[PDB]
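Below, in structure tokens: the form deposited in one PDB entry, a single chain.
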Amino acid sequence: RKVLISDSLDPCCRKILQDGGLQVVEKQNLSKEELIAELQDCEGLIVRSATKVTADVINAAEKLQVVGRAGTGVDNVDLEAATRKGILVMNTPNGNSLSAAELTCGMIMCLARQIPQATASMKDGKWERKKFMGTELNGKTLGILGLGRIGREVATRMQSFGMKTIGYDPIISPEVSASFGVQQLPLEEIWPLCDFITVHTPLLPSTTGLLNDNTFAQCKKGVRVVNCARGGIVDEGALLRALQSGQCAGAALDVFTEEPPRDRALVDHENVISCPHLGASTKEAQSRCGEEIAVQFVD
């Protein structure tokens, strides 16, 4: 009957919740005391990733019935604690897929042509044409690991650049991926073929360190790698070693095993381009997720 919105959400979320007949209260960046106190009269909580929904937070809100996440995953929500109290947890798995796919494509282009580094050079007063000789994407092979919502959207865009798109996904059949132009091969056959590799899987035991010292050793010398999925899918130590040896020519990272990352070695590397987890950070994605979660609450 009453819902708190604790993070930075599009105005449409509050609006929809009230059309359904609910009261709202949208205080951002609250403290553990100033949140749980504002959770006392609310049956619903809505967050992005800023508000941390620990067991201690969940247990304190006696009236809490539902936690809604405006995004994919449940990383900032204790799914175990919630279930132990009969609290429903909902998210918005489709709301920001396009924005993540678009950012991934931008990362690929930035790696091919070193645009972030070139801008940095220009702003440092330099004119360094030879240093930034880049790579044409036409005819190059892009490997896509994870062919769900985002992987297939990345594929069709990079196909317009004349990239060959190959990939792997344990639940997508070769016939199905072919229908959006991705040729599936066993992982072992993928590494030596790729000029670029991008990952679009959840973080699981099978995907933690999907790229590691061993798979980097099976890659083309000079492969470039993108992670706009979850930190840890690409083993960060292995990536660094590959960058340092030159086996990896560059990497683009939107996500990290720790956010913000305390370890600065990858971010500081001259061949690494990075963003502070911006994959879902468009006005449009935020509008869509804001609505998607409100709709789920109204029901």
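Note that the rigid core is defined as the largest set of C-alphas that superpose within 1.5 Å between two forms. A residue's number is simply how far along the shown sequence it sits, counting from 1.
Here the subject shifts to the form deposited in another entry, a form of this protein not shown in this document.
Undergrad: Fit the core first: which of 266, 60, 249, 238 then shifts its CA by 2 Å or more between this form and the one not shown?
TA: The residue that shifts is 60.
Undergrad: Rigid core fitted, then: does residue 76 show a CA shift of 2 angstroms or greater between this form and the one not shown?
TA: After core superposition, the displacement of the residue 76 C-alpha between this form and the one not shown reaches the 2 Å mark, so yes.
Undergrad: After superposition on the rigid core, does the Cα atom of residue 25 shift by at least 2 Å between this form and the one not shown?
TA: Moves: yes, 2 Å or greater.
Undergrad: When the rigid core is used for the superposition, does residue 12 move between this form and the one not shown (threshold: C-alpha shift of 2 Å or more)?
TA: Shift at residue 12: 2 Å or more after core fit.
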